[PDB]
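1. the sequence isn't on hand, but the structure is:
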Ligand SMILES: CC(=O)N[C@@H]1[C@@H](O)[C@H](O)[C@@H](CO)O[C@@H]1O
Ligand SMILES: CC(=O)N[C@@H]1[C@@H](O)[C@H](O)[C@@H](CO)O[C@@H]1O
Ligand SMILES: CC(=O)N[C@@H]1[C@@H](O)[C@H](O)[C@@H](CO)O[C@@H]1O
Ligand SMILES: OC[C@H]1O[C@@H](O)[C@@H](O)[C@@H](O)[C@@H]1O
Ligand SMILES: OC[C@H]1O[C@@H](O)[C@@H](O)[C@@H](O)[C@@H]1O
Ligand SMILES: OC[C@H]1O[C@@H](O)[C@@H](O)[C@@H](O)[C@@H]1O
Ligand SMILES: OC[C@H]1O[C@@H](O)[C@@H](O)[C@@H](O)[C@@H]1O
Ligand SMILES: OC[C@H]1O[C@@H](O)[C@@H](O)[C@@H](O)[C@@H]1O
Ligand SMILES: OC[C@H]1O[C@@H](O)[C@@H](O)[C@@H](O)[C@@H]1O
Ligand SMILES: [K+]
Ligand SMILES: [K+]
Ligand SMILES: [K+]
Ligand SMILES: [K+]
Ligand SMILES: [K+]
Ligand SMILES: [K+]
């Protein structure tokens, strides 16, 4: 039973904010400064996730959490620690912006893992208790690594985002495959930022968000876009549809955003003017989707929509 | 013409005071509007008309016509304004922002920051606020903050402008130019530069003209924006200068203090934090009342009020020239 | 009789904000734009101070103020003007971020003084009415000059912070001595910004805050640290303990911050996301300390704690 | 009777350097530091010009010169002064970038003239003794202003180059007209720098060089282009053909350069790696053209070719 | 038989330049602007290579050459074209930075290949006539890709250099493996730039040069390093020894450079002050090594030394 | 006897280059990459100096040298080490840009010394064998420290140049005093870069060069100036006259004295640099010989007459 709030009567938006936002407060843990990425999945009787909790030293750490309803979370006070047989890769430097999905027989976690700069760390868990670290998927610099929730043509597949070692002023989404969760390849460009005159919310850089959602018309990708104002970056988010069999081929891509920083909890915080989607839960029977997003890099919010309405919107307003 | 007005709050010593109804135009007035700021407002018939910068949910910059009985509650058209032009090259729309509007002699003219291989000053006219006829871009890129004078100056059209770059420009002097014909422009003269940081830091990074200049016996009243560069970005405040009537590039007085700076939450939080950007004014010479429209955090529009004579005293008393 | 508020019920924090914050509003003077540094000392039957009040021309001026209770302030409308025989040094360009303390027989004030760029101005007063300017202690560019409240083995001592002529993107704390409050030397590096992976609130630059506080164990130094986000700088503050006799030798240095921008008065204003400590009052009998800090470069706030608690926190969370 | 050297034996290039380069040395005047722009035209029985001569103070001044053979120049030691009835426009700050041509009944001079930054100064002369200064044609910031040598459908016409107030890191060529040499307008974009992968000698910025040369199929434009290497800008030059009636319409534009810094006098000097064409003499009856170019912002060189060969090259190698 | 010149009388240097430098001129081809990378190997009874020949449009293209003595080169006029099964990867944008070696049964080529930015293209050939292009090894941004000349414990191995999309101001060498020349992984950091105060010729960025040369004391890596002066980058090159079995482990790393820009052909040209090594030929029986390097990004030079002397220099001067 | 060459026939320049330039080659030492600062003084029956010799690791080191004629130098292969009882200040990180002068009873050496960034290191020697390091005079970031060759109203005095921790894009010359070679103060601004439209060779940044040369008409200061072209910095040098008694007061060049022209000034590790580092002079003949680094690679000499340089500085003054 995924979380849901009906669209307010007369609301014409494709996505609408939970009235309970923020659903995770910045100070939920004794040492937490902010909690703003929630890589959430169903698990047994309820829900589990991997959360970015930055502490009062401003260090970036991952913590495991569980919930009955996916709204109110019990997050472990102590950061998640990985088992790894390779001491070189198993060394912890930092970790942020997790994504989690089940593939075939286990849950896989990706995150932005420090290894001589940002790259994509990979691990798996069967139980959300023990996490086994695998090879970093790519050479630095790379972030926004997001796996597909099944193999594509017999290979594991991941979206990523080549970066630099700062506040990156550019960013294309890429796609890569692996036969074995160790060696990666067949890299393909998915999409670049839009032109400023066409769609400025996504004209500086873009990055994948929640795990792709399979639909009959393609993979639904929810992704962030940045606009560079005189005063900083603004992070909004929107939607595209990727080919099912060859997901680096984009079928439709929204001109308008789905959500942008409007509420005080989105506009004021450690990083003002940020809505950064990190996970989603959905139900194909009803078309409901619940999107988790970080707010001002301070707290976590939830927003709701219908998959068919999102698909319609994405087609109707497509810039390709 | 009955201009909008609120009396000075009891106890208030400031030369300008914000409307208690601010913001007077909300960000979601149109089905697809993301933000509405810059309101290029004038008296028109029974009421008021305007050209409004309404950025959409694709963050495209578009201009929309609006009308109002009271100049506070606006009815803005959902569909963007399109310009008529016989020249296909100049009539191609790329983007447009920060409109200014005034009547000159027989018609209303609109200038805006128009994209033509980068920012320049677009120019158009209308007789009825329904059909708009586009003329030559007045300048080569990069330029913006183009603001016309509301009558000819010794037989020529005149415009303030602001040479720029193709980014978030880290400089800006105000310039003055003339045209005999609304087509060719020239006799360019420097008006003013940003002040020294130690003299008046609200206006030390760059400056730009705001509302249409207001003719007084003491000179043209210029309301203009200024930028201060903090560690965390630009703060846009606005203040006042007085220009010579006959040669308006000659500045007579220029305020040290600002008239208004970002203070309220609707000025401080939004798409671009800490912006008060004046874009138009209505005034009544009989009473000296002036009402100044300004963009707030690049998100909504506000109003502020004051008296022309008090603004002139303030500009002279506090003048940094 | 230093101002005090007891720790809120259940509050686990080493420092807590006054419920009366902001304690000095931005519009206390007829042409003040902001009042956000308050260099406060006990004086006479009450308290005195030098205040940074930027005016509605956005000029940086210092003003004298007085208070019965250290919370409600009566600040002079006219800016403070220094007496100086030397015309060259006595020329006023600008002044900000004052610090004040009693040394031996008079009150000394330091400030960021414009002399072909930022340096550290120095003056004394016996009475908080007339101030007598001395030589600028250093060549530009320097700021965050903070004197020790006694001589250190027979020399005056000062912390400072080499800078540049902009929004400086670096900054180490230094220590210097003078026999005479005119000639300075024996410069020693105190500390550098921490590594991003270790303590990111203090990884861009750091600088001294309140006057150092003598404890049996060393000098308690309360200092600011900067984190560089994509949308600007975030100023937080924390604690270190310096050796009593050779104060450039750091004994402990906190990993977490004591305070970081959280409240709307800290997160919205002329410079968002700033907590900048500028003075403290303390009582060795009770262990109480009250810390004055600028908020968003707009208003002034107060936070409270206990010196022995701050000390034990600094030890236990030390990154050295 | 224009300066000429025959194509060297076995040279396959469309332009070839004079074997006597540089033809104007840096120290022709008693305080000249460099002489590297030579606006040159025929005049009387010989030749005249306006020369950029930077002095030993590194000031940028314009000097008149005269020559019998267009090779050996007698340059006036006193800088050129302009007559102007408007004292505002007539104030001299600096001047560089001259270009000179005859239009209908007199010579016109454009230069980069300081008026609150770079813009295009305009003046006329009948005799190279008195120059009457006209209004600056544009608002700053603009450089590389180059007049057409006749009216275009009854209007004066000028190419220009919007700039900034530094070492400008971009630059498109524009076209503008005037009915009266006072008011300017009908601004049209001519061309942008090419993409790096198409033609990198002209991918950073471009600007007009010598006065446009009329051919039966349009205007031959010789223009500089910049490549941004890790160690600086490299200035090369090449050729384009513009529509005769609407010269903003580009018909052909060379992929390859005509000339790039190769010789030591091009590679070493005040600004290394610079070939900047500033003027040309030509003879339609023979097809001969002699192109004057600055070398390393130090000295002046000459290069020779045939207009029909340049035209053929520009079409055959065109990137449009 | 590899090229050789004996060390000059009384030369104490570990490497010495050929008296015939530069061995390949900039204008060898009818449209060549510069020829400054030479990826050369033995082939049949003489030698072959892939050369970076930038043309007069300043486009970056690869051309095959052949030589009987590795000194006098006959380079094909037409750019090399790669055959590719996949149209998307097979699309040519640009290419530079070639390296060539034989591995097991064929020659492999790597190069800096444009695919939405710089990455490492891979191809093979049996005959230096037909080249078959494989998957790009990595996601952008990357270059200085250099294969090992045999498999390492049964996998192909490659050094690389994460980059950005400009004149990258950083750069560490990385190591990666592949079972199949398609999927890559087990990425390991090799080395970072040295500290400025330790070895400034390699303090900005580093990158691999010639193919690693197997010695009993490790893999001999010859690599470039950059020093950032006020006036640009200076490229020198030096040596390291890598563990034979785990070549990301660096055993010794030289303090001094082996070669730095000294000669006019290294210090003047399209990019001044560059010695950029691209290939080596060696003979284990005599210990002779001949290293090919680009000079000023304009021409190609050769330098000689003895492998045992280079090993001894590397260890004697090690900064590891 | 200071090194000297007569002004070439017909040469109208105030300074003229030695026909023997460069006088010190880049590879004088077994491991030298470049030798381009020569902080030279008369000593004994000859001359002595402290040389910036950057090595083949591109480390910046100081070496002592000696010469009979001040042209052909014998430089010690081993870098100079400084004696210091304070191990914190005595820690060597790097050192460049030395200047050397005699003050009253001994020789002093200043250099740009690494101490958490560039600052001005200070040391003395009685014999050019053992050097004793004193406190760094200033907090970082500071470079171009140049002592006066006598006390000024009973205090040591030094010119300096506030900088940053990179290739500094600005730079004013400052003046400071010390009663004791340990504690410094009375800091005064001497001059700023000129306006681009007035004198562009010195419009980005300036720094003091050789030790100030006393004359009856003021301290003759030879200093570098930078012009920022699209391709980098061009270092030229010129002259100013400072008040004798209060040397932060500038009394009087618009034109440069020397600017990069020769291949050895234009090509090398840092192209387009003439960086003056020391001068020898004889008041009785008016001769001065100025040592300058060329392209941060080698060392050159140029000659002039002090009266002519005074006359040039005054008649072309921009103040
Ligand atoms: C502690 C901190 O500021 N972390 C940020 C991270 O949140 C952000 O995504 C990244 C890109 O802007 O830069 C930094 O690593
Ligand atoms: C969509 C967007 O961000 N537009 C802005 C515009 O508002 C601003 O005035 C200009 C200068 O800072 O930059 C951009 O064009
Ligand atoms: C004195 C000097 O350096 N002048 C240059 C000028 O030559 C150059 O064309 C321009 C653009 O790079 O900038 C400067 O004005
Ligand atoms: O940098 C700001 C924003 O973008 C990414 O870079 C995130 O990890 C956070 O930083 C935030 O959502
Ligand atoms: O860029 C921020 C501010 O300045 C100008 O550039 C305006 O169009 C808005 O952008 C805002 O008022
Ligand atoms: O720069 C913004 C912030 O940091 C320092 O620079 C202070 O003087 C204030 O300006 C503020 O606390
Ligand atoms: O850019 C200059 C140098 O650096 C690299 O980036 C490549 O372009 C090299 O072949 C060249 O030697
Ligand atoms: O800036 C360097 C080059 O280009 C322009 O900018 C010219 O005026 C010269 O300065 C030179 O040809
Ligand atoms: O950096 C370039 C030039 O200026 C200073 O910075 C000197 O030490 C040398 O580096 C050179 O003379
Ligand atoms: K695609
Ligand atoms: K004016
Ligand atoms: K210390
Ligand atoms: K065109
Ligand atoms: K390693
Ligand atoms: K002075």
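-> Arrived safely. Numbering: from 1, shown residues only, chains lettered A, B, ... in the order given. Ligands and ions are numbered 1, 2, ... in the order given.

2. separation between the residue in the stretch 51-200 of chain A that chain F sits nearest to and residue B:122?
-> Nearest residue of the stretch 51-200 of chain A to chain F: residue A:166, at 16.8 Å (C-beta to the nearest C-beta). In short, each C-beta sits where N, CA and C put it, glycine included. Using C-beta to C-beta, to the nearest Å, we find residue A:166 at a distance of 37 Å from residue B:122.

3. of those two, which one has the most company?
-> residue B:122 (26 against 13; other C-beta atoms under 10 Å in any protein chain shown).

4. next up, the contacts around that one.
-> Contact partners of residue B:122, counting by C-beta atoms under 8 Å, 6 or more residues apart in numbering or on different chains, are B:83, B:96, B:110-114, B:116, B:134, B:137-138.

5. and for it, nearest residue in space, chain neighbours not counted?
-> Nearest-residue entry for residue B:122: residue B:114, 2.9 Å, with adjacent residues in sequence omitted and distances by C-beta to C-beta, 6 or more residues apart in numbering or on different chains.

6. so that neighbour: helix, strand or coil?
-> With DSSP: H, G, I helix; E, B strand; the rest coil as the basis, residue B:114 sits in strand.

7. hang on, the earlier thing: need phi/psi at the residue of the stretch 51-200 of chain A closest to chain F.
-> Backbone geometry at residue A:166, expressed as degrees, to the nearest 10, gives phi -150, psi -150.

8. sorry, back to before: for the residue nearest to residue B:122, give the beta-bridge partners.
-> According to DSSP bridges, the residues that bridge with residue B:114 are residue B:96, residue B:120.

9. test my guess that it contacts residue B:96.
-> Yes. Under the criterion of C-beta atoms under 8 Å, residue B:114 makes contact with residue B:96 at 5.3 Å.

10. just how off-centre is stretch A:150-163 within its chain?
-> 14 Å (C-alpha atoms, centre = their mean, to the nearest Å).

11. please apply the same query to stretch A:103-117.
-> 12 Å.

12. with stretch A:148-158 instead?
-> 17 Å.

13. check stretch A:129-144 too.
-> With C-alpha atoms, centre = their mean as the basis, stretch A:129-144 stands 15 Å off its chain's centre.

14. for stretch A:198-208, same thing?
-> 16 Å.

15. residue of the stretch 1-150 of chain A nearest ligand 7, please.
-> Nearest residue of the stretch 1-150 of chain A to ligand 7, counting by C-beta to the nearest ligand atom: residue A:141, 17.4 Å away.

16. is stretch A:222-230 up against ligand 5 anywhere?
-> Yes. On the criterion C-beta under 6 Å from any ligand atom, stretch A:222-230 is in touch with ligand 5 at residue A:230.

17. oh, I was asking about stretch A:197-213
-> No. If you take C-beta under 6 Å from any ligand atom as the test, stretch A:197-213 misses ligand 5, and the best it gets is 11.7 Å.

18. distance between the ends of that stretch?
-> End-to-end distance of stretch A:197-213 (C-alpha to C-alpha, to the nearest Å): 29 Å.

19. just give me how far it sits from the chain centre.
-> Chain-centre distance of stretch A:197-213: 12 Å, with C-alpha atoms, centre = their mean.

20. how about that stretch against ligand 4, any contact?
-> No. Stretch A:197-213 does not reach ligand 4 (C-beta under 6 Å from any ligand atom); its nearest approach is 7.6 Å.

21. what about that stretch and ligand 2, touching?
-> Yes. Using C-beta under 6 Å from any ligand atom, stretch A:197-213 reaches ligand 2 at residue A:200.

22. touching ligand 1 at all, that stretch?
-> No. Judged by C-beta under 6 Å from any ligand atom, stretch A:197-213 and ligand 1 are separated, with a smallest distance of 9.4 Å.

23. try stretch A:31-49
-> No. Figure legend: stretch A:31-49 not in contact with ligand 1 (C-beta under 6 Å from any ligand atom); closest approach 8.8 Å.

24. likewise for stretch A:227-238?
-> No. Stretch A:227-238 does not reach ligand 1 (C-beta under 6 Å from any ligand atom); its nearest approach is 8.1 Å.

25. quick one: end-to-end length of that stretch, please.
-> Stretch A:227-238 stretches 13 Å from its first residue to its last (C-alpha to C-alpha).

26. run the chain-centre distance for it.
-> That offset, for stretch A:227-238, works out to 17 Å (C-alpha atoms, centre = their mean).

27. is there proximity between that stretch and ligand 2?
-> Yes. Using C-beta under 6 Å from any ligand atom, stretch A:227-238 reaches ligand 2 at A:227, A:229-230.

28. which parts of the stretch 1-150 of chain A sit against ligand 1?
-> A:58, A:60, A:96.

29. ok, stretch A:169-188 near ligand 4 or not?
-> No. On the criterion C-beta under 6 Å from any ligand atom, stretch A:169-188 is out of touch with ligand 4, staying 9.7 Å away.

30. about what we covered before: which one of the residues of stretch A:227-238 next to ligand 2 is nearest ligand 7?
-> residue A:227 (31.4 Å).

31. from chain D, how far out is the closest one?
-> Residue A:227 is 21 Å from chain D, where distance means C-beta to the nearest C-beta, to the nearest Å.

32. can you pull the phi/psi pair for whichever residue of the stretch 101-250 of chain A sits closest to ligand 1?
-> Nearest to ligand 1, among the residues of the stretch 101-250 of chain A, is residue A:167, at 4.1 Å (C-beta to the nearest ligand atom). Residue A:167 adopts backbone torsions of phi -90, psi 90, taken as degrees, to the nearest 10.

33. any idea how far residue A:244 lies from ligand 8?
-> Counting by C-beta to the nearest ligand atom, to the nearest Å, the gap from residue A:244 to ligand 8 is 54 Å.

34. separation between residue A:299 and chain F?
-> For residue A:299, the distance to chain F equals 38 Å [C-beta to the nearest C-beta].

35. er, residue A:259 I mean
-> Going from residue A:259 to chain F by C-beta to the nearest C-beta gives 41 Å.

36. from the chain's centroid, how far away is stretch A:289-307?
-> How far stretch A:289-307 lies from its chain's middle: 10 Å, per C-alpha atoms, centre = their mean.

37. touching ligand 4 at all, that stretch?
-> Yes. Judged by C-beta under 6 Å from any ligand atom, stretch A:289-307 and ligand 4 are in contact via A:294, A:297.

38. now swap in stretch A:116-124 and tell me
-> No. On the criterion C-beta under 6 Å from any ligand atom, stretch A:116-124 is out of touch with ligand 4, staying 9.6 Å away.

39. smallest gap between chain A and ligand 5, at which residue?
-> For chain A, C-beta to the nearest ligand atom, closest residue to ligand 5: residue A:230, 4.1 Å.
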